[PDB]
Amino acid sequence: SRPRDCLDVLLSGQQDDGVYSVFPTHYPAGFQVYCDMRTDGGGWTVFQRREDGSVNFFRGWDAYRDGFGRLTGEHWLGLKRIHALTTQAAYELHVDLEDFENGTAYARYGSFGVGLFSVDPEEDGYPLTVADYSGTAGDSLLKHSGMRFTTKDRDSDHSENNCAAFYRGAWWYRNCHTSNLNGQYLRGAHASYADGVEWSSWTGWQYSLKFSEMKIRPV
């Protein structure tokens, strides 16, 4: 009756993809999420989806903290929810990607968390833990490990300017990125540099992907 994530939902006998209530250890009010019950046996809690450019992702700090969009479409679950999920157990991250020629690729990370040891994860900038790459998309996240989350209105990156402003996104920017999945929905090849839905190791710095899904499952 109180699953902590989509894997508890699956193991309780819910096999269909869709929206479910989950109740993280330190977020006992709980909230709804999209559960992927198909990928590698299922039990994945979605926290990011791009598929059509219907939702504005060029949002400030409060929106990235609290979440935006709809669970059934393009959304960002919110860093306060991603923190509550990833601190309650050891999670892996799965990233699904699709181009406009219906090509697909994925990146799996054996460890993933946000603000794991932060007393105030919001003040500390929800810093990224990520390690142990495998898959077909190539690694575009390991260089972001240890970076705080940066938005157009709150700069915690390693750049003289604001990486989020410059690359029209919100991410764990260093100086600045190898991945930008919260970037502008520019729809494939673009002249502007690295400011779309980029996964540089698969499609480079001038190709805005059609589809992205970021999702977590206990190791």
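Note that residue numbering follows the sequence shown and begins at 1.
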| property | result |
| --- | --- |
| 52 to 60 or 159 to 167, whichever carries the higher mean Cα B-factor | 159 to 167 |
| Per the entry, higher mean C-alpha B factor between 68 to 76 and 142 to 150 | 142 to 150 |
| Of the residues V197, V19, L11, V22, the one carrying the largest Cα B-factor as recorded | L11 |
| Identity of residue with top Cα B-factor, from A131, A84, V119, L93 | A131 |
| Third assignment of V219 from its chain's C-alpha B-factors | highest |
| Relative C-alpha B-factor of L186, binned into the chain's lowest, middle or highest third | middle |
| Chain-wide C-alpha B factor ranking for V114, given as lowest, middle or highest third | middle |
| Among modelled residues of the same chain, the CA temperature factor third for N175 | highest |
| CA B-factor placement of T39, once the chain's modelled residues are sorted into thirds | highest |
